[PDB]
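# Coordinate analysis (summary)
The lines below spell out each chain.
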Amino acid sequence: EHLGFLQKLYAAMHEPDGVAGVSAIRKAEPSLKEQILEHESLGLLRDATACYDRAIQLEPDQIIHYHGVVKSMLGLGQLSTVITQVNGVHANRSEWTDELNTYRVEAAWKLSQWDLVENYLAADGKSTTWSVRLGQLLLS
Amino acid sequence: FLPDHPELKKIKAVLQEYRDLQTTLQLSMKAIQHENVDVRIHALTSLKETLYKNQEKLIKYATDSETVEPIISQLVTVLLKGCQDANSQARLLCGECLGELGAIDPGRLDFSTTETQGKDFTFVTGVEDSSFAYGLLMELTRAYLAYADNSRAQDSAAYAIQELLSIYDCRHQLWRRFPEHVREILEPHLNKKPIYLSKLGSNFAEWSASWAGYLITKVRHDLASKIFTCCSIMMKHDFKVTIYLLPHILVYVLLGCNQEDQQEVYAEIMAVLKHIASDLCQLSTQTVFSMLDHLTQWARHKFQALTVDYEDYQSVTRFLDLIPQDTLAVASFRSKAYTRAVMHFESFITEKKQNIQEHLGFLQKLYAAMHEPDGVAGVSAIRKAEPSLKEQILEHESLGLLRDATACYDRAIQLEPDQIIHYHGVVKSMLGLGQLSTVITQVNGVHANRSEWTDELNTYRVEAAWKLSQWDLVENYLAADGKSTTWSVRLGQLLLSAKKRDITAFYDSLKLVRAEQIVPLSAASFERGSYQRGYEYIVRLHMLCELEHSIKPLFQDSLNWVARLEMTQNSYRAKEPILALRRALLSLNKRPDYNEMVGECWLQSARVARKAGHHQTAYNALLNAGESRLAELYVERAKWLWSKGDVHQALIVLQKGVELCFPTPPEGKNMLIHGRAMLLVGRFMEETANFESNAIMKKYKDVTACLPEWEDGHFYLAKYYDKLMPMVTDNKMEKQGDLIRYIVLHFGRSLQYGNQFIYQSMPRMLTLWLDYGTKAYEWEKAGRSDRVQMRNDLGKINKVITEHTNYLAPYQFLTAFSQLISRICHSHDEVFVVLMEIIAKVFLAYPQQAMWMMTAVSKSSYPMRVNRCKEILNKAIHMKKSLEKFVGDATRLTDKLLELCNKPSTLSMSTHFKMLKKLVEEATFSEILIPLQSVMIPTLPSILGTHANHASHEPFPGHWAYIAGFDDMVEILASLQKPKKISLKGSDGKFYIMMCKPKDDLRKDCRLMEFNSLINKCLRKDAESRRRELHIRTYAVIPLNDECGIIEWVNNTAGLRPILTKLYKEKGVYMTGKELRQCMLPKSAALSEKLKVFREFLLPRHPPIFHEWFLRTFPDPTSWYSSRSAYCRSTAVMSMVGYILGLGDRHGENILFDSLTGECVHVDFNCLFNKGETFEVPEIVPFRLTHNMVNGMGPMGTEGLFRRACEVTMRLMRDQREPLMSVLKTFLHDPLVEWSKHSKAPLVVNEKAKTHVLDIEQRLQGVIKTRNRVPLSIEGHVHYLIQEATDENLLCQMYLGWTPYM
Amino acid sequence: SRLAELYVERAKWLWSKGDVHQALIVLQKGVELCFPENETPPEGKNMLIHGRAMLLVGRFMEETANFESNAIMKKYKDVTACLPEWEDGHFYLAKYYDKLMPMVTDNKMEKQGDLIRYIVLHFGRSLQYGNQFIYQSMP
Ligand SMILES: Nc1ncnc2c1ncn2[C@@H]1O[C@H](COP(=O)(O)OP(=O)(O)OP(O)(O)=S)[C@@H](O)[C@H]1O
């Protein structure tokens, strides 16, 4: 009963150490999204990629769930892979194409290609975009 | 004549004139061989039915012993004679039967007995030969005969037959040699050049015809001209006939040609090398290679030789000079020559010293073609030049490491995209660990680009859809469906068929899948050892066979997938796919129960993963499944993670899992799993100070309590107690046995259940029992403490022997029966003598084995022992009246053998031993099956059968040869103190000579042979060892005389020094014996001074002949490549195991090479722990490394990837460290072996030898020990050994000994 | 960069991997990467890497069973030789000397002394060159 509040509490803390203690504390191992929250505390990309894949296998109703896999692609930091993830994401997100495009734009900053920059520039997002919006200023 | 009969009575009538399931199988094996191919197809259908009829029972025949079933071996022969049919349908039916059989582990398969690829060489000089003329007659036969059916071809064919008649009379020794028959019916009637390939040459033959007109002018031989004129008309009649004629014609062309014309012909050959009609040009290049093979035959004629014969050799050399080996290699890549191409590449490397990097570029392409297990990496290590990063990515692909650098292949794509194929490799990376989501992302990316590959990726996606087991995914697959199909893609099409419910229409598609398998079968025909090489392709076929059984249920033999898996070989490369195919079958099933059924298969895959590492993949596998939670299953996943690391973290997780599993109740598997978790906890307890050993023992005791039935829990506990026991004295000694007896009793009960690790553990338990018996006697001599307290221990020991007797088995005896010889030599007496009686009971179980041990015992005076052995014989005589009579006949035969062995160019046993020859002829001595070294080794019980498998199993099971005696006149070996070997004719008729040499401690060596073929069996067990296929030869030793043991010698065995001598003779280089005498070495020679003189003398003495030796060793280029694999097997890990033993110091003469398969041989390694090496000169080198032996080893690269692999084998070899230690304990234990050099002491131990045993343990540690300070890496230990081999400093230190210029 | 540079660092990544034998292959590879038989480099930045690589090779050698104490000392002497000025070269050398010193005493304090003085002298020179290993050196 404490744990459901605790999982929310760990997120508010945004502290890995608090999350790790909660995982040890829980009687039942976290699974699916609960497992995914554990993965973020774990900090291991390969485990996260597997967790994202397992979550997708159970269901793929979340753009954010796709985004976490994209974050794993960012951990991989391979430009060809990031583009491959982006192309798959654009078709998959018919409802929200380019939601991870800003993540792709950061990848474009990694790409350091003006033409790659142009595709992101062509994309328009109503988001701060974090560093990537700064990258758009960098793009010209 | 015998055939299956629709009506039983007709079959019965045939059967009575001719004169249970296994016998039927034996008839079936005869049936599998077919006089008529059409007859064979009916037999194949019957055979598939027979396997189905066998059903679960066929699986039972398959599994009974860890050693592969002999009946399976007949079945294995059936596989060799199975799906290899020129008719596609005939091969397919045989393949379907193999699928019902399923796939045996290649390591599991024991059929190395068949001659297989090895055969007497086909090549003959030809044309002069009557048989070569017969081959020309064969050319007239068959396709020329088909031409004869055509009228225009027939008139020319009849003229050709007349020309053959002109060469030899149709009538008559040649006629008697001739087959005649259908040929005999033919015989009575008989009584400027851009042209080649292009333009006029057309499909090879037309080009050949223009060449033939040039050829007749080139060769002036009168016989050659007459044959040529006849040949041209025949060549027009058949292109294939022309090609057969052309190799002989080419040989004539080489013998005679215009010097300018020959240069033009060489230029034409280069032009083809530089360059159905296109296939014909490739075939023509092959024909040119065939001409080169003919040139090799001419070279063989030159070899028989030793002006024109020398001049012809010079002309052949010129023809070789016109040829460029590098050009041949460029042609070879077009050729897809592969191993044949490699042999040409090696020759080019040998011909000219080359920079490795210039060598490396050809090599990297060659490795890619090779698909060598070392592949690119061995070349990369060899290269002194850093690889191109794209080349390195290709090398990573060659490694197929997967995991890390999968991204790196993607990263090269990220830096730039130049290859769609490179992208396709990236897509395989995109598949990664079977991730469906990655595939879903990949499909959209594939969609954005337009490529043929993207559809192929979609096929990969379809396989992902198969993992998905989703009908909608199948619907996505259907749009993808309809494309050229990869074998996996075709499997995806089959998955589409499963959605299809095609049934028989699907079955025809399955037949199409079978045709792809048939292409694998075409690959399968090949040189011996091909079947293990083709096993992985066969496994894909085996998966198809499993699919067909699944399909029949869908359309509507237990065939357990798990039952099949234990028989099936497990491959890091292929086992995961085999598990994946089983997972695909589970996905295919729509059964309701199966909602929880599918995961265990992933978990078993996870167990495979623990062996294969890929731990992240293994975690992925848990993600791949999940649900249907089993506390043990989670615990097992934790255990694999624990093996990777974080054992304490895993142990805490396991403790949580145990609480989750139960609020002990066996609960079927889970309580056993809980005990297993406890065993992991006990290992953790050894790991953790916080864990308490006394608490663990109670926990271990609790685990024993949880299941009385499981031997494995008891065995683990017994091992734990032994660790509790090893320091239980903590050097206290004194009282120890009462606790030890409880452990021994537990060991016996675990043995009674039986264990996978039980045979090694039992050997240890027997050794411990022997140790206790020695210890009690030692206490008894002192009179220290209480004689009664020791007596109570002796009674407990007696109780353990009785417990064994209640549970005692001949199978249970196994190694101990061999050990008993040390047991026989015991001061104690009393109960130990009573234990000996149990050993006598084991002797009763098998007479021949008992006799072999007894014969050694008789030769030692053993006067107290000789009486004790006689008493054991007397007890056996009391036990069986028949047994006593058999023993008496056996003793006389052994005595007769001993007299022959003393033997007080061709020595004839009848001529000097007239009585001995007469006795062999006489049947009056009771008939004795001939001793077999393979027979001596114990048979191994199957892991699968828990109870009575050993009782069913022969203690050693094999067909048994019975000695037929030896020929009255035989060749006798001549050597100083030469052993003389005569091999008795087999009851089957195979005969092996055995040679015995006096004053040799063969029995200590025989244990060393026993210390072998157990590790070799372990290599068969190792998946990696099977992939190496590094089979280890086992010497056969029968030293019944303590002084002399007679050993069969393999045909073609060569002393390494003698083989080297043969190479020196081939060079014709001579080093004066006086000149070697003229060289002088001070015993205290300066190391530098000795090395400089030695190197200079050696280089003149031994320019390497290794390249020459390989070419001489196999005429076939393919044979040479197989030989190269054989060379890699030679020495290598087998040499490493001896170095690991530290006992050997084998002479170079002691090392031997066998011509037929090339085998390194180690014999008479009397030294143990290098006692001989310590004497006189000492060499620390792990193996003798003559540079020419190294030069054969160096190959394309002097450093050996195979040598590194052998080191990998050695690291695998130190997996059963305890088992190795037990073997070491046995070597120390035997009386006949002396740690420090019979009747006088019928019933040698070195403290230094015990230290040496510690050194062997240190070798398992891999600690240098010698090095100051310093911490051991197994890969490093191999590298250090490699460094030691590289150094010539040890060779300079050595005096005489290997003494090798090379 | 033609010099192993980051690739020499990659051998350090191999050290993060922790396989010494792979590192040993890397140690052979690094000497080749600066030159087939590269000397500590004439360029000062290259030289610092070349000495550091020798130091990495020496640490690897100390790990290696197949190492010669005299050979390790020669490499350390070379490391001091490539830069008298660099604190780091002495500090690896100073550490090397201490490991050598415990073995050198061979259980006798009296035999130890002249070797100890040379090591102390290197330590003092290193302390002047830099204080980064100096606190460890000071104890
Ligand atoms: N077929 C074989 N090929 C090669 N070596 C063999 C073969 N059979 C036995 N040997 C070994 O080589 C020896 C052949 O005798 P020689 O070497 O000429 O002289 P020897 O003194 O009788 O034997 P040693 O002990 O080997 S020098 C045998 O004694 C075996 O040790």
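Residues numbered from 1 in each chain as written, not as in the entry; some residues may be left out. Chains lettered and ligands numbered in written order. Part of a larger assembly, values for the part shown. Heavy atoms only, no water. Residues with missing side-chain atoms left out of burial classes, pairs and counts.

Going by the annotation in the PDB entry, the name recorded for chain C is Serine/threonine-protein kinase ATR, with Homo sapiens given as the source organism. The title field of the PDB entry reads "ATR-ATRIP bound with ATPgammaS".

As recorded in the PDB entry, chain A goes by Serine/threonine-protein kinase ATR and comes from Homo sapiens.

## A closer look at the overall build of chain A
Going by this rule: Helix and strand assignments follow DSSP, with helices taken as H or I runs no shorter than four residues and strands as E runs no shorter than two, numbered in order from the N terminus.
A count of helices and strands for chain A gives 9 helices and 0 strands. Shown N-terminal to C-terminal, the secondary structure of chain A runs as helices and strands in the order α-α-α-α-α-α-α-α-α. In terms of overall dimensions, chain A has a C-alpha envelope of 55 × 30 × 25 Å along the principal axes.

## Some thoughts on the overall build of chain C
Rule in force here: Throughout, the radius of gyration refers to the C-alpha atoms, and the reference size of a globule is 2.2 Å times the residue count to the power 0.38. Only heavy atoms matter for contacts: two residues are in contact if any of them lie within 4.5 Å across the pair.
When its secondary structure is counted, chain C shows 7 helices and 0 strands. Shown N-terminal to C-terminal, the secondary structure of chain C runs as helices and strands in the order α-α-α-α-α-α-α. For a compact globule of 139 residues, the expected C-alpha radius of gyration is about 14 Å, and chain C comes in at 15 Å, within 12% of that figure. With respect to the principal axes defined by its C-alpha atoms, chain C has extents near 50 × 30 × 25 Å. In chain C, of all internal contacts separated by at least 6 residues, the share reaching a separation of at least 24 is 57%.

## Let's talk about unusual backbone geometry
One non-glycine residue, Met733(B), adopts positive backbone phi at about 60 degrees. When you line up the elements, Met733(B) lands in the loop between α39 (711–724) and α40 (737–753).

## Brief notes about the interface of chain A and chain B
Cut-off, in case you're wondering: Think of it as three bins: nonpolar holds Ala, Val, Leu, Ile, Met, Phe, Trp, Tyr, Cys and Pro, charged holds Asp, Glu, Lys and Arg, and polar takes everything else, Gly as well.
At the interface, 11 residues of chain A touch 9 residues of chain B. Elements that contribute at least two residues to the side of chain A that touches chain B include exactly α4 (45–58) and α6 (79–92) of chain A. The dominant element in the side of chain A that touches chain B, judged by the number of residues it contributes, is α6(A), at 7 residues. Broken down by class, the residue content of the side of chain A that touches chain B amounts to 4 nonpolar, 6 polar and 1 charged.

## Here's the deal with the arrangement of the chains
Here 2 pairs of chains are in contact, and chains A and B lead that list by number of contacts. At their nearest point, the C-alpha atoms of chain A and chain C are still 17 Å apart, with no contact between the two.

## Some details on the pairing of strand β2 (residues 992–997) of chain B
The side chains of a regular strand alternate, first on one face of the sheet and then on the other. Residues and elements named next belong to chain B. Our working definition: Any two strands between which DSSP finds at least two bridges are classified as paired.
In the sheet, strand β1 (residues 980–984) pairs with β2 via 5 bridges, with the strands oriented antiparallel. Bridged to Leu984 within β2 is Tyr992. Of the strand pairs in this sheet, β2 and strand β3 (residues 1045–1048) are connected by 4 bridges, and their pairing is antiparallel. Counterpart to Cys996 in the pairing with β3 is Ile1046.

## Section: the sheet that holds strand β6 (residues 1160–1161) of chain B
All names here are of chain B. Strand order in the open sheet formed by 3 strands is β4-β5-β6, and the pairing between neighbours is antiparallel. Both outer strands of the open sheet, β4 (1053–1055) and β6, are each paired with one neighbouring strand and no more. Pairing of strand β5 (residues 1152–1154) with β6, which is carried by 2 bridges, proceeds in the antiparallel orientation. Bridge assignment links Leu1152 to a residue of β6, and that residue is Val1161.

## Notes on the packing of α6(A) against helix α24 (residues 436–448) of chain B
For clarity, the cut-off: In this analysis, axes come from line fits to C-alpha atoms, helices being fitted only over the stretch in contact, and the angle between any two N-to-C directions falls in the range 0 to 180 degrees. Each angle receives one of four descriptions, namely roughly parallel if under 35 degrees, roughly antiparallel if over 145, roughly perpendicular if within 65 to 115, and oblique otherwise.
At a minimum axis distance of 7 Å, the contact between α6(A) and α24(B) shows a crossing angle of 90 degrees. When the interaxial angle is binned, α6(A) and α24(B) end up roughly perpendicular. Judged by residue contacts, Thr84(A), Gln85(A), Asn87(A), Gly88(A) and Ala91(A) of α6(A) engage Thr441(B), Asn444(B) and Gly445(B) from α24(B).

## A word on the sheet that holds β1(B)
The strands making up a sheet associate through hydrogen bonds between their backbones, and the pairing can be parallel or antiparallel. Residue and element names in this part refer to chain B. Strand order in the open sheet made by the 3 strands is β1-β2-β3, with antiparallel pairing throughout. Single-partner strands in this sheet number two, and they are β1 and β3. Between one strand and the next, the sheet's axes are offset by a mean angle of 30 degrees, whatever the strand orientation.

## Structural notes on the packing of α39(B) against α40(B)
For any two helices packed against each other, the geometry comes down to the angle between their axes and how far apart the axes lie. Residue and element names in this part refer to chain B. Stated formally: Two helices cross in a left-handed way if the nearer one is turned anticlockwise from the farther one by less than a right angle. They cross in a right-handed way if the turn is clockwise.
The interhelical angle for the contact between α39 and α40, taken along N-to-C directions, is 150 degrees, at an axis separation of 8 Å. On the basis of their axis angle, the class for α39 and α40 is roughly antiparallel. As α39 packs across α40, the resulting crossing turns out to be left-handed. Across the interface between the two elements, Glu711, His714, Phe715, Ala718 and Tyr721 of α39 pack against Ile743, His746, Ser750 and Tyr753 of α40. Classifying every residue of the contact of α39 with α40 by side-chain character gives 5 nonpolar, 3 polar and 1 charged.

## A few points about the environment of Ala631(B)
Residues and elements named next belong to chain B. Looking at the element boundaries, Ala631 is found in helix α35 (residues 631–644). Note: C-alpha distance between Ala631 and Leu660 (29 residues apart in sequence) is 6.5 Å. Residues contacting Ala631, with those up to four places away along its chain left out, are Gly657 and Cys661.

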